[PDB]
Amino acid sequence: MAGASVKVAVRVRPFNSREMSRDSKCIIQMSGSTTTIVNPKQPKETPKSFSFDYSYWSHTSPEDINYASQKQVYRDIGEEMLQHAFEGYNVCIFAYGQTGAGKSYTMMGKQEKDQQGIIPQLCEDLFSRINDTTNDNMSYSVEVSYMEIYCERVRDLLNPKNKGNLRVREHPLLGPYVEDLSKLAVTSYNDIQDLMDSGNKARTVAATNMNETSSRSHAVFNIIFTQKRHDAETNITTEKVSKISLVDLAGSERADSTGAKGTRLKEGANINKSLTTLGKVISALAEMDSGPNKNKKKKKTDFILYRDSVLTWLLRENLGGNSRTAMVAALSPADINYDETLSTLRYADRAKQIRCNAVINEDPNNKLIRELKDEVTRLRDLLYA
Amino acid sequence: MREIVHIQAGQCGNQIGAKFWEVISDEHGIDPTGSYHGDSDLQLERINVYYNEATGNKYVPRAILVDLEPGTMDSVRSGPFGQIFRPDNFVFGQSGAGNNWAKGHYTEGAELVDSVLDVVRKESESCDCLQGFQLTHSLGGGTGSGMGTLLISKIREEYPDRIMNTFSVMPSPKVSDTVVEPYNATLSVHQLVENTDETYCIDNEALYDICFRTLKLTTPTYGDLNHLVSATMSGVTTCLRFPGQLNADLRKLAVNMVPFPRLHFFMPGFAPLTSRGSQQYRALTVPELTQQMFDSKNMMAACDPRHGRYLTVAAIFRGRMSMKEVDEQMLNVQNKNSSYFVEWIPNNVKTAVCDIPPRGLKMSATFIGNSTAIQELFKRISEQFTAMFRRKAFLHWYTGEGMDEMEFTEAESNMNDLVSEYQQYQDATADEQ
Amino acid sequence: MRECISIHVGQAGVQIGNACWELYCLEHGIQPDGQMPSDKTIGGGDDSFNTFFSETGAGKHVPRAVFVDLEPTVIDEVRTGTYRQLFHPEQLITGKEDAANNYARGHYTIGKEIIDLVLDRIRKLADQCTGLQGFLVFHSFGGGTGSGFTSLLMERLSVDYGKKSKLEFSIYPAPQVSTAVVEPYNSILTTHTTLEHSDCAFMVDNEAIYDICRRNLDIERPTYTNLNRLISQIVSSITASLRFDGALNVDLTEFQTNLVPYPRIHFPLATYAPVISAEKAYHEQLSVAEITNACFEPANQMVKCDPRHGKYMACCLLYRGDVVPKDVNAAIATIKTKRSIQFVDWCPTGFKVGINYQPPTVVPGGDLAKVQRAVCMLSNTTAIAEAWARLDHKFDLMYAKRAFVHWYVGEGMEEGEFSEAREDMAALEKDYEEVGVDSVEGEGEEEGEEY
Ligand SMILES: CC(=O)O[C@H]1C(=O)[C@@]2(C)[C@H]([C@H](OC(=O)c3ccccc3)[C@]3(O)C[C@H](OC(=O)[C@H](O)[C@@H](NC(=O)c4ccccc4)c4ccccc4)C(C)=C1C3(C)C)[C@]1(OC(C)=O)CO[C@@H]1C[C@@H]2O
Ligand SMILES: Nc1nc2c(ncn2[C@@H]2O[C@H](COP(=O)(O)OP(=O)(O)OP(=O)(O)O)[C@@H](O)[C@H]2O)c(=O)[nH]1
Ligand SMILES: Nc1ncnc2c1ncn2[C@@H]1O[C@H](COP(=O)(O)OP(=O)(O)NP(=O)(O)O)[C@@H](O)[C@H]1O
Ligand SMILES: Nc1nc2c(ncn2[C@@H]2O[C@H](COP(=O)(O)OP(=O)(O)O)[C@@H](O)[C@H]2O)c(=O)[nH]1
Ligand SMILES: [Mg+2]
């Protein structure tokens, strides 16, 4: 078991071609660990504001100061979580965002392979670290699997067969699992890229008003990692086994945005239900972490509840037990796309919500007058003393 | 137009369905031959909820009867209301399951399910705007539990937006008429927890207790128990059929009664009950109905509600009455027994009023409670199930029909989680740690 | 001439509509079948008043109303009831399932599939009118239809028409008793559209009217019919100035000009003074001063809130019957001397007055006595915030644990909208606290210098 240390991160991407073509305006402003956003239609009352454990400004590409470089975010999250994985405990990454905000980017990176997202840095450090560490007295095994959740049904991507539904089960000792789920071994990150592309081609996608290509289902990319030791004895044993779950969440949906009827509304409803269940479990885990840390009196077991949706059900080993969780939320900079960003921040504000506030400074002339008066008081003191 | 399709599987479900159709036919004034010989005008206003119209002003119900032995079909056809049903809906096979869950759900039922589904689709497509389904069955038997769960699964897969109900007779603590009951009850509850929106829990022991103590009957028989259950079933869906001052469909009860998706096991009840030869002493008023309705000894679930807390309650009244009396009485019930209501729901009593009371009762009321005490039933079943599973009492009869031991374990785990989830919202405070 | 459409939505709206139209037909002498034999006996007149009714060639009068619902059960009573021939056949039912106490099913999913037809009928009705005054929507918080469909309809009406007034008469949840468990979510979700789009909303409470019926009319077991009759009397007193002659007449726009100080505080309470049974109608004078005093009694309020805990921003009195202005001035002067009644310091006048000659009518089979004088008082005050605060608490106790939330998101509403609104309600509660504060002492810094 380990403390449910959940890391909340948000990142703002730059402009795209269409947004640059229009006379759009940036509305997200960051400072320390707080981000604030304004209304184009209501610029009088106040900006709304949120606080997260990490705020990342990848807006200005050529900027040199406080730029959230991809190596930086990898150092923040992926290095520590790979270190946790090598200890033999499970690791989970959740990628969330709405078409445009910039999810894939953070997960994959550019195509020129010069600025790498979370996946290449993690995988290459895993492979490279092992290749430059393995010895006669140790063996390492790595496998990969890729599945999707759609309308509370599990479907396989790597297998090219007829896409029939599979059946979730629950081995008494090993926990939940899926029958007939294809599992393959990999040697280097090129193999993972090939499998990932092949699987991504098989995902279900539908067009909507927001974008022509919108995710209609969650995806789970599991990396099974096993270490075996050859001690100076006839008994050769597996030291421990760990799992890395890289997860793609479909964005929250609103008929006030996707006006399609029929199957399209049903998919959105199921997506929203799954997202609500996920937030419900994640916040409870953070509360579980927080309680005994403060008062030493663990809150019994607050028995967390996963058997509510298939997504949280399959990932039971990764959220709970001895494991760590980290989440990144993409945000788009168009003044036009307000409520998408508002909803993304609101749903990102869960999972150990951080206290947020505003500052507001004072009229510069008044500050100058106050400084002059303070100097005069000191000098009058320089005269009195 | 809110149409309900009615299904019934097994001996228990068939008998209860027969009695229920006899009751409803009396309510709407339909003769056994199928013609209408009623008096009031409102009876035909909403007859299409349960009945279809034939050629010569003859009505036919939407019943679908299922079994794996022809004995009960023959019994129902040779009965007072045998000829009202459609002949083409009598689906059956031979060499029934025989109290074996595996035979009902994996081997024998797999052949009849296609025909049953064809009939169900045919009946459903003809409706104007289907609302939901029903299913009467018993969990302690083979055909009932197995075929009912399979039908529920398939229909839920096919029609995912409509409301599925079910009236299930749970195994009793003490009175037992089968030996392999706990396996069937557990391997089943495992499906009912997943594929159903509302379940009403019935138990023979509670009904026998009502008959012996309240009604004062000396020789209860299964007809009486079917009577009680049928009265409740008629009471639940009243607001679809008759006008009133505050309506409540099945979906409104679903929305108001269920806080979380996996907590939909209800304790039903009905008032009043004068036991006869004592009507002249008891004055019938709304406070008397509310008093009898909440009594612990009136429930049909064989659970003591005083051992837990009421997550939510619903009361459907039928008659001409004042709304102030109803609201004040529900408020008084909530205040005087504040220990037995959860604190984080500020008000947890839904109320509905209908204008047309039953045949010969100035007033009536039906009760749908949702409390944590129901967990006891599941716990009791587990306390038997493991006692038979540690040493594999009657397992070879189940594995001989193709069922891996894992399926058994994957279930004892699911019901145990259900008991734990109910146990969470049961303690009457939560602070400190 | 001066026309108003009444729009009724939900079971509560439809039933209050039944009571209101019974009262209007009794008032103008129109038979339930639409004929008016009284005009034929008279030989000609303006009894077919255009505020509510429209006349055809054959002498039949049709009301200016639009009933809406999703349950056929409620409207089918009217279609086969006593007034089956009064209304146009276009009653606008959705022969499908009800919204079922779910605000979402009534603004995002089942709410469409009927809004276009409703707006088309309203367009036809409005085209028939030659110079419109405004709208009167009747709905009820808590219900799925009366919240979601009311919100959608008000949004579309505000877009289409814009400048015309829009008044509400709504049933707010009671502090203690209720007929639903998911009421607070519906009320809080409705408050946004009640705030932005409507121009003046009146609120009532079933618990208060029950207490009034028990104490005044001596009815120990009232039903919804009596409450609906009382609300109908209120609305009739509101609209009486458009129809009948009077010494001082008050239009619908005068209410708004005199009663709302700022755009966001348009939530006044309503009261009706001479509620008295026939048996107690004797033993009493029922003079002008008595009814004016009774209007300010905290026990007679139609909402469970104490005026003594706040301040009166503005008031408006509408008198009916044998009333003379001097007695009215004397009563107002008497009220201004009491210390229990508090007025904000920035409204020294704080009174609007209207007098009408037509006295109130009596419904056969009713329970209100025949009286010569009557008064209806509309008060814009700060006490009402207390009521909101109570309901606010209930919302939190259900939203901490996310109870009953999966139903709402299963129909097309992001978990965010819930909080985006709670914040809106909290902002509104802030304003009412801000406005009622006395002006800061000698508001413009300090004065007193050379001359
Ligand atoms: C006072 C009077 O007139 O006699 C009653 C009577 O004495 C009581 C005891 C009746 C009687 O019920 C029983 O004796 C009984 C026996 C076994 C199981 C259940 C009930 C009655 O049989 C039951 C019967 O009820 C009805 O007729 C209702 O409409 C009922 N329908 C049926 O019972 C029915 C059964 C088969 C076929 C058709 C109709 C009903 C209630 C709610 C919703 C739908 C239907 C009535 C009035 C009575 C008698 C005759 C004694 C009670 O039953 C009902 C449902 O009313 C028992 O508790 C009530 C309270 C009544 O006071
Ligand atoms: N004063 C008064 N209130 C009523 C009346 N009828 C219903 N109500 C109130 O309305 C509330 C229920 O909301 P409704 O708008 O009637 O529900 P609905 O119109 O059927 O719409 P749905 O909720 O979707 O079913 C209850 O809490 C009652 O207090 C009435 O006749 N008079
Ligand atoms: N922080 C960033 N810095 C630079 N470029 C970025 C950044 N985030 C996103 N981008 C790029 O800008 C575009 C936005 O990402 P995009 O592929 O539209 O993600 P998305 O559509 O928001 N994903 P999803 O939320 O799953 O639907 C892509 O071309 C990204 O490569
Ligand atoms: N309430 C009620 N229960 C019954 C009736 N008949 C049988 N049962 C119950 O059903 C159980 C046996 O179920 P059974 O009908 O054989 O299931 P099936 O064989 O699949 O139809 C027994 O434990 C009885 O308690 C009845 O008429 N009424
Ligand atoms: Mg309704």
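So basically every Cβ, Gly included, is an ideal-geometry build from the backbone, and we count neighbours across all protein chains shown. Every number here is computed from the coordinates shown, using simple stated rules; none is lab data.
Can you put C:88, B:105 in order, fewest other beta carbons within 10 Å first?
By the 10 Å Cβ count, ascending, the order reads C:88, B:105.
By counting other Cβ atoms within 10 Å of each Cβ, how are B:356, C:42, A:360 ranked from fewest to most?
Result, fewest neighbours first: A:360, C:42, B:356.
Please report the antiparallel percentage of the DSSP beta bridges confined to chain C, to the nearest 5.
Beta bridges within chain C, antiparallel portion: roughly 35 percent.
Run through every distinct alpha carbon pair of segment A:163-260 and return the Kirkwood hydrodynamic radius in angstroms, one decimal place.
About 17.4 Å for segment A:163-260.
For B:128, C:98, what's the fewest-to-most ordering of other Cβ within 10 Å of each Cβ?
Fewest to most other Cβ atoms nearby, the residues stand as B:128, C:98.
Can you give the translational diffusion coefficient of segment C:1-268 in µm²/s, computed by Stokes-Einstein from the Kirkwood radius over Cα pairs at 25 °C and 0.890 mPa s?
After rounding, the answer is 127 µm²/s.
Compute the separation of the alpha-carbon centres of segment C:316-382 and segment C:179-203 and state it in Å as a whole number.
With segment C:316-382 and segment C:179-203 each reduced to a Cα centre, they are spaced 28 Å.
Under a straight-distance cross-link criterion of Cα-Cα below 16 Å, which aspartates and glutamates are reachable from residue B:297, leaving out those fewer than 8 residues away in the same chain?
Qualifying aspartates and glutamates at Cα under 16 Å: B:203, B:205, B:209, B:288.
How big is the protein assembly as shown along each principal axis, measuring the range of its Cα positions in Å and listing the largest first?
Taking max minus min along each principal axis of the Cα atoms, the protein assembly as shown gives 115, 114, 59 Å.
Express as a percent, rounded to the nearest 5, the fraction of DSSP beta bridges in segment C:269-383 (both residues included) that run antiparallel.
Percentage antiparallel, nearest 5: 70.
Run the dipole for the protein assembly as shown about the Cα centre, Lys and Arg Cβ at +1, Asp and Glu Cβ at -1, nothing else charged, and hand back the magnitude in debye, nearest 20.
Approximately 1240 debye in magnitude.
Which log10 I(q)/I(0) values does segment A:233-293 give at q = 0.15, 0.16, 0.25, 0.30 Å⁻¹ under the Debye formula, counting every alpha carbon as one identical point scatterer?
Scattering profile of segment A:233-293, log10 relative to I(0): -0.70, -0.75, -1.05, -1.18.
Starting from the Kirkwood Rh over alpha-carbon pairs, what translational D in µm² s⁻¹ does chain B have by Stokes-Einstein at 4 °C and 1.567 mPa s?
58 µm²/s
Please report, to one decimal in angstroms, the Kirkwood hydrodynamic radius of segment A:55-148 built from all distinct Cα-Cα pairs.
15.3 Å
Over segment B:51-205, what is the relative contact order in percent, taking alpha-carbon pairs closer than 8 angstrom and at least six residues apart?
After rounding, I find 20 percent.
If you take every DSSP beta bridge whose two residues both sit in chain A, what share of them, in percent to the nearest 5, is antiparallel?
Around 65 percent antiparallel, to the nearest 5.
Please say if segment A:187-327 is rounded, prolate or oblate, where rounded means a/c under 1.5 for a ≥ b ≥ c the square roots of the C-alpha gyration tensor eigenvalues, and otherwise the choice is prolate for a/b larger than b/c and oblate otherwise?
Oblate.
Checking the a/c ratio against 1.5 first, then a/b against b/c, what shape does the Cα gyration tensor give for segment A:44-88?
oblate
Could you give the size of the charge dipole of chain A about its Cα centre, using +1 on the Cβ of each K and R and -1 on the Cβ of each D and E, expressed in debye and rounded to the nearest 20?
That gives chain A a dipole magnitude of about 1420 debye.
Provide the FRET efficiency to the nearest 0.05 for the residue A:213-residue C:244 pair, computing r from the beta carbons and using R0 = 56 Å.
0.30
Measure off 7 Å from each Cα along the Cα-to-Cβ vector at residue A:370 and residue C:277, then give the distance between these two points in nanometres to one decimal.
Result for the modelled spin labels: 6.9 nm.
Could you give me D for segment B:2-259, from Stokes-Einstein at 4 °C and 1.567 mPa s, where the hydrodynamic radius is the Kirkwood radius over C-alpha pairs? Units µm² s⁻¹, please.
Stokes-Einstein gives a translational diffusion coefficient of 68 µm²/s.
Can you give the FRET efficiency to the nearest 0.05 for residue B:86 and residue A:173, using r as the Cβ-Cβ distance and R₀ = 56 Å?
For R0 = 56 Å, the calculated efficiency reads 0.60.
In whole angstrom, how long is each semi-axis of the equivalent ellipsoid of chain C, when you take the square root of 5 times every eigenvalue of its Cα gyration tensor and sort them from largest down?
Its equivalent ellipsoid spans semi-axes of 33, 32, 21 Å.
What whole number of Å gives the distance from the Cα centroid of segment C:404-431 to the Cα centroid of segment B:320-360?
One Cα centre to the other: 28 Å.
What shape does chain A take by its C-alpha gyration tensor, where a ≥ b ≥ c are the square roots of the eigenvalues and a/c under 1.5 counts as rounded, a/b above b/c as prolate, and the rest as oblate?
Judged from the Cα gyration tensor, chain A comes out prolate (a/c at least 1.5, a/b above b/c).
Rounding to the nearest 20 debye, state how big the charge dipole of chain C is about its Cα centre with +1 on each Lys and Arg Cβ and -1 on each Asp and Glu Cβ.
1560 debye
HN-Hα J couplings of segment B:143-157 from phi, Karplus 6.51/-1.76/1.60, θ = phi - 60°, integer Hz, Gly and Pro as x?
3J(HN,Hα) across segment B:143-157, in whole Hz: 4, x, 4, x, 4, x, 5, 5, 4, 4, 4, 5, 5, 5, 5.
Can you check what the net charge comes to around residue A:15, using other residues whose Cβ is under 13 Å from the Cβ of residue A:15 (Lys, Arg +1; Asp, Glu -1)?
Result for the local shell: +1.
Restricting to Cα pairs below 8 Å that are 6+ residues apart, what does the relative contact order work out to for chain C? Please round to a whole percent.
Reported as a whole number, the value is 16 percent.
Can you spot the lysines whose alpha carbon is less than 23 Å from residue A:41's alpha carbon? Ignore those fewer than 8 places along the same chain.
Counting by Cα, and skipping residues close in sequence, residue A:41 has these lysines nearby: A:25, C:163, C:430.
Of C:228, C:48, C:272, which is farthest on the positive side of the dipole of chain C, counting Cα position, with +1 on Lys and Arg Cβ, -1 on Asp and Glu Cβ, and the Cα centre as origin?
My answer, from the dipole projection, is C:48.
Please name whichever of B:273, B:334, B:349 sits farthest to the positive end of the charge dipole of segment B:260-373, dipole taken about the Cα centre and charges placed at Cβ: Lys and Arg +1, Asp and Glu -1.
B:273
Would you calculate, for the protein assembly as shown, the mean residue ellipticity at 222 nm contributed by helices, counting each DSSP H stretch of 4 or more residues as -39,500 (n - 2.57) and dividing by all residues, to the nearest 500?
Dividing the helical sum by the residues of the protein assembly as shown leaves -11500 deg cm²/dmol.
Given Cα pairs under 8 Å that are at least 6 residues apart, what percent is the relative contact order of segment C:162-240?
34 percent
Considering every pair of different Cα atoms, what Kirkwood radius, in Å, is found for segment B:260-373?
When all Cα pairs of segment B:260-373 are included, the Kirkwood radius is 14.9 Å.
Could you point to the residue in C:312, C:169, C:246 farthest towards the positive end of chain C's charge dipole, with +1 and -1 charges on the Cβ of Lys/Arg and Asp/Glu respectively?
C:246
Could you go through segment C:257-269 in sequence order and give the Karplus-derived ³J(HN,Hα) for each residue, using 6.51 cos²θ - 1.76 cosθ + 1.60 with θ = phi - 60°, rounded to whole Hz, and x for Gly and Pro?
For segment C:257-269, the Karplus-derived couplings read 5, 9, 10, 9, x, 10, x, 9, 10, 8, 10, x, 9 Hz, x marking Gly and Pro.
Could you name the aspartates and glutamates in cross-link range of residue A:240, using Cα to Cα under 12 Å and dropping any fewer than eight places away on the same chain?
Hits, sequence-local ones excluded: A:87.
Do the alpha carbons of any pairs in C:304/C:370; A:71/A:273; A:273/B:252 sit beyond 31 Å of each other, and which pairs?
Pairs exceeding 31 Å: A:71/A:273.
Can you give the FRET efficiency for residue C:163 and residue A:299, using 1/(1 + (r/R0)^6), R0 = 45 Å, r = Cβ-Cβ distance, to the nearest 0.05?
0.20
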